[PDB]
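This report refers to the structure that appears directly beneath it.
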Amino acid sequence: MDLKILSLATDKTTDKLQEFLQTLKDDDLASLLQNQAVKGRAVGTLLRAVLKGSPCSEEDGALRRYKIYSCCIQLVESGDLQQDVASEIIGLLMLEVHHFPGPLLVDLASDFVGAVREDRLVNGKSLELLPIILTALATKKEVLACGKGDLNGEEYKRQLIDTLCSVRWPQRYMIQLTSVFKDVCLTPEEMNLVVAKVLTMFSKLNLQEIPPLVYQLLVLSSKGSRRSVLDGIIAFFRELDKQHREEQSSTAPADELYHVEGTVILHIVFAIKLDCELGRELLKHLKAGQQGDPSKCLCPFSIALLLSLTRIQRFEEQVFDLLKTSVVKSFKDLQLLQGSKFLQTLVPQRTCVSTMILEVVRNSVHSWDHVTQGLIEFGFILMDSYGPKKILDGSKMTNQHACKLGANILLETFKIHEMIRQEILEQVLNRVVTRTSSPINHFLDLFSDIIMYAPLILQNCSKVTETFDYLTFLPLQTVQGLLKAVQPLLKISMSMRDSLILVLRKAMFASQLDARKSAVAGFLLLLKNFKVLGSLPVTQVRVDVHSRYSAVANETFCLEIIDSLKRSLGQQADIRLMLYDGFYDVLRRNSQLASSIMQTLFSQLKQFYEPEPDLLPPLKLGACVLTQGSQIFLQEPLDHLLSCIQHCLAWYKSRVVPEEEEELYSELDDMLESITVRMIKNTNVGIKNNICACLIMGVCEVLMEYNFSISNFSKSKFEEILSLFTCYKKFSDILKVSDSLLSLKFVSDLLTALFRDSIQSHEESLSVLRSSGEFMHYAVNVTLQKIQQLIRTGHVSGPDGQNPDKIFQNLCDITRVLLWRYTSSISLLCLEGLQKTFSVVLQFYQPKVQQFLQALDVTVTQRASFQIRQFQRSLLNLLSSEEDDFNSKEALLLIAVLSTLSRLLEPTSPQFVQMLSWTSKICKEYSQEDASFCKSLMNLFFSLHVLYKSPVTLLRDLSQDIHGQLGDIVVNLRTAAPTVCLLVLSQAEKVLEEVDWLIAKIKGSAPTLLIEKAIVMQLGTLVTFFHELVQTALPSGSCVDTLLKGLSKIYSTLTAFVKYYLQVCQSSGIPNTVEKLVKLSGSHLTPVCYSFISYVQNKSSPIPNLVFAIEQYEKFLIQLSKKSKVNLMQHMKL
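Quick note, the sequence shown lines up with residues 1 to 250, 258 to 401, 411 to 553, 563 to 683, 692 to 714, 731 to 784, 798 to 886, 902 to 934, 945 to 1056, 1070 to 1106, 1127 to 1188, 1190 to 1222, 1248 to 1280 if you use PDB author numbering.
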C-alpha cells in the first residue's frame, strides 16, 4: 500500500497516481486512522502524493479529495493525535485548498456549519480551514454549479457565514469560532453580522468568560466595524450596571461585575493602544454634540473607560474635553428642565453626568488603579477651570457646580484610595502656596475637608509643615484659611505645632505689615487651641505636660504669646483692631488668660483716658491720630478698644463665677462709667476731625451697648443710653454703614427687648426710648443695616460675627421680632429688614431653612405657605383699603418677601397652587399707574406660573390687552405700555429658547412625535401673541426695538423647525399640524410685520435683522415645499 504510492509521486501525474485511487474506493478511513498510529510522518507525505493524484482537472480526482479532506478533519478533532501530526495535517489541508472548485468548497464549509450545530470536536483546529475556504470562494465571481447556480463565490461565502451566524455556537468553541473570522476578509454587512452575533452571546456566558471573548472580538474590529464593536460592549455593560444598581437600592456581585468591567476596560484600552482609529472611534461615538445624546451617551462604565483611556497620552486632552463639556451640558440641561413645566412634560428627568462620574469613583474601589490617575487629574481640571476668579479682582451656577464636582471627585477619591492620598494633598497645597492672586479659597476648603476627614493620616505631614515657611510670603486670606483648616493636625502632631510656633515667632518681626497681620492670626489661632496647666490651682490641648518631646512649648507658653502679641498694639491701627477682635475670642475659650488679656487692654486705655475727674474730654482723642510727613493716619481705633473691654467685662461678670482680676474688672467698670458720664457733656486739619467724629460715634455706640448690658433694669441708665445716642446722632447729623459698633447679639436682644419685651416691670425702659423715636428707628436701622452688610460679605462687625451658628441664631431672634412689629413709620422698616432676612437665610443658610421657619412660630412647604398667607393677606389689605396714592415702596418689597418665600414651595404641592392662583387673582382684578409695582407682580406671577403650564396662554392674552389699549394704528395706559410690554416679550423669548432646544434635540436623534405636536401648539399660540403686538402702536423709544428682536427670533425658530423637517422628510408626509400653522405665519405675521416697519419710519422722521430673518425663513420654505410635497409656500403668498 504505502510503498506502492511512493513511486507514483516520483513517476508522473495522471496515469500512475489517479489509477491506483479508482482501485481502492473502500477505506481511506481504516487506512489513515491506523497509519498515523504507526508513524505520523509516514502519513505526513501520504497526502502530498494522493492530493496530487487527484487534481481539479478530473472529477474523480476532485470529488475524491472531498472524502480525504473530510477524513483528515474527522481525525484531527476526534483522535488524541499529537499536535505535530494534527497541525501538519491542517498545514497541508490549508495549503492545498487553493484550487478546489466552487461547488466543493461550499460543501466543505457547509460541513463545518453542520458540525457547529451540535458537536464535541474538542478542536477548533478543524475550523482553521474555514477562513481559507471562504476566501478562496470569494475569488471567483462566476456562477457555480450547485442547486440553483445563480451565485458567485462571494455570495455563497456570504450565505455560508450568514448561516453560521443563525446557528447556535457552542459555549466551548465560540472563542475559537471568533478567532476563525480573524483571517477572513468580510463585508460591512458580514462584519456587523459576525459582530452582533458574537454580542448576542455575552448575556449567555458566566461573567469571567467575557474578558477573553471581548479581547477576541476586539481583534476583529481592527479590520472591522469599530463603532458597533464598542457600542456593543458598552451597551452590554451599561445595561448590566443598570440592574446591579437597582439591586443596590434593595460585595455580593460587586467583586465580579466591577473586577470584570475593569479587565474589559483594561482590554479595550489595550486595543486603542495598538490601533488609534479604535480610540478615535470611541471618542467620535461618545462625543456629545446635541444634548439628547450625552445623557444616553455617557454611563458610569463608558466614563470609567474614558478615564482609564487617559493613560494613553495622545487621547488625554480629548477625553477631558468630552468629560468636562459633558458635565456642563448635563447640568445646564437639568437646570433648564427644572425651569419649565412643558419641558418636563415632553422630556423625562435624566441621571446627570455629575452623579455618574461620582459613581465611577464609588465603583473604582474594586481594583481600578488605571482609572484613578485620570480621575484625580480630571477633578483638578474642574476646580482649575471652574473655580471662582474675578470676584477677587475689581449663570455661574454651572461654573460653581462644575467646580464642586471637581472637589467631590477629589475628596471622595482620597477617601477611597490609600495609595494616592499623598499626591492629592501635595497637589492641593502646591496650588495654594504657588498660585498668584488668583483666588484659592475652593482649594483650601478641600484641604480642610481631606484633613477633617481623617486627621490621623496627615498628623505628621511635613508637606503641611513645609507649607508654613511661606506663611509670610502668602496673602493673609490664604494664611487664615490654611491655619484654620490645619487645626485638627496641630492638636495631634507636636512637631508641627512647635514648628508653627517657631515660624510665627519670627513672623512677628517682619517689617511688612501683612506679614505681621498673618503672624498675629496664627498666634491668636494657637491660643484658641492650646492650654498650659502651668503653675495653676471645647477642650484645648496642654502643650506643657510632655517636656521630653517639646523643645519649644513650656509652662510660659500662653503668657509668652500674649507678650509677643502686646507689641502689635503699638503697631498700625489695622493690626490693633485685629488683636482686639482676637482677645475676646481667645478669652472666651481660655479662662486663665482673663488676667493677662485684661491687663493689656487696661493699660492700653490708660494711655487715652484722662484720670483727672472731670476734664470734660474723658478720652484723649488727639493721640488716636498720628501724622508723619503730610499724611494723617488713625492709629488705635479707640472705639473698638472700648468695645473689646466692654465684651470682656460683660463676659467676666457673666461667665466666670466659680483676686487681682476682681480689682482689674472693678477699675475698668469704674472707668467705663466715668467715661459714660463725662462723655455726655479734604485737608489735614479736617481729615483728623472726621476720624474723631466717627470715633466718638463709635465710642458712644459702644458705651450704649455697655450701659445696657450693665443693667437691663433702671430708668436712670436708659436716660444715659438715650443721651449717648443723642451724642451719636449729634455727630451723625454733623456729617456710616458697616460702622455700627453694636455687637449683633446686642442688636438682637434690644430689638427683642424693645418690641416684644413689655412684661418686664419697666414701661419706662421702652418709653425712655420709644419717645425719642429716632433712636427707635436707629436701632432698627442698625439691624436692617447689618443684615444687609451680611449679604455683602459673610461677616458682621463684632464678636461671634463670623460664627455661622451664632449668626443663624441671631437671625431667627431678630426675624420673628420684626414679624411681631409688622403684625400690629417703623413698621415699614421692619418689613424691609424682614425682607433682607428671608433672602439671606435662603441663599446662605438654605439647609437651615426648616430650623429658621420654626423659630417664627411638606412641613417645610407648610411653614412657607403659612408665612406667605400672612403676607399675601397684608398686601391684599394694602390694596383693598388702598387710599389714592399710598405706597409703591411697601407694595414692592412685600411682593419681594413672597417671591423669596415662594421658592421654598415644592413645585408640585397643594401650597404652591395657593400662591400661583392667588397671584393670578391680583393680576386680573387689579391695576395701578406706578410701573414699579406691575413688573414685580408680573415677574412673581410668571415665576410661579412657568412651573405650572407653558405661559403661552397668559402671553397671547396679555398682548390682546396692550394691543387693545395702545394701538393697532387688567393693565392701563401708563402700566402696560412701557413696562408690561417688555415683560411678555422677554417671557415669550424664553419660551422660544425652550422650543429651540426641543427642535435641536429631535434633530440630534438622526415618543418623538408627541413632542413635535407640542412644539407646534407652542409656536401656534405664540404667533397669535405677536400678531396682537405687531398690530399695535407702542412708544417709539425701546419697546419698538424689543418687539423687533422678539419677532426676528420666531422667524429663526420657525426656520429651525423648517430645516428640521427638511431633514426628517428626507426619510419620509408633513401632517396638518405643521402645514396649517405654516401659513398661519404668512397671514397673521408676515404682512402685519411689513406694516409695522413702516410705522417706525413714518413716526421717527436691528431693522435689517428682521428682514434677513424673514427672507432666510422663506428661503428654506422655498427649499422645503419644492423638495418635499406641498405648494404651501405658494399658499403663503395668497
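Note that the Cβ used here is the ideal one computed from N, Cα and C, for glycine as well.
Contact under 8 angstroms by Cβ, residue i with residue j
i     : j     : result
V276  : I319  : yes
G422  : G381  : no
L803  : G863  : no
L985  : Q959  : yes
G286  : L312  : no
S1046 : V1084 : yes
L127  : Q82   : no
Residue i, enclosing alpha helix (DSSP H) - first and last residue
i     : result
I234  : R226 to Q248
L1082 : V1080 to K1103
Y69   : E59 to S78
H292  : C283 to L293
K479  : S478 to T481
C874  : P866 to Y884
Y609  : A598 to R614
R960  : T946 to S967
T1141 : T1128 to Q1151
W676  : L663 to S679
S1019 : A1018 to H1032
Cβ neighbour criterion (16 or more within 10 Å) applied to residue i
i           : result
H1050       : buried
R65         : buried
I133        : buried
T581        : exposed
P1038       : buried
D11         : exposed
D80         : exposed
residue 560 : What the structure lacks is residue 560: the chain is numbered 553, then 563, with the residues between left out.
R532        : buried
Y265        : buried
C649        : buried
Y1211       : exposed
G401        : exposed
Own chain partners of residue i with C-beta closer than 7 angstroms, once the 5 adjacent residues on each side are dropped
i     : result
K431  : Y469
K1271 : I1191
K336  : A295, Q298 and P301
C72   : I89 and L93
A619  : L612, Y677, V681 and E694
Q351  : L344
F202  : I210 and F236
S800  : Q851 and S859
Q475  : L505, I508 and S509
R567  : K547, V548 and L549
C56   : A62, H99, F100 and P101
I1264 : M1275
Residues of its chain near residue i, where Cβ-Cβ distance is below 6 angstroms and the 5 sequence neighbours each way are ignored
i           : result
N1072       : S1014
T178        : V198 and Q216
residue 555 : Within the chain, the sequence of modelled residues goes 553 then 563, so residue 555 has no position in this structure.
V360        : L305, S333, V334 and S337
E366        : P307
Which residues DSSP lists as bridging residue i, in chain order
i    : result
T652 : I657
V360 : According to DSSP, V360 bridges with nothing at all.
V566 : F546
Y634 : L644
Same chain, Cβ closer than 8 angstroms to residue i, neighbours up to 5 away in sequence not counted
i            : result
residue 1282 : No answer is possible for residue 1282: it lies beyond the span of the chain, which begins at 1 and ends at 1280.
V368         : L382, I425, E428, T429 and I432
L1027        : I982, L985, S986, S989 and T1006
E1196        : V1272 and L1274
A1018        : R1074, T1075, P1078 and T1079
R158         : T187, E189 and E190
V1160        : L1154 and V1217
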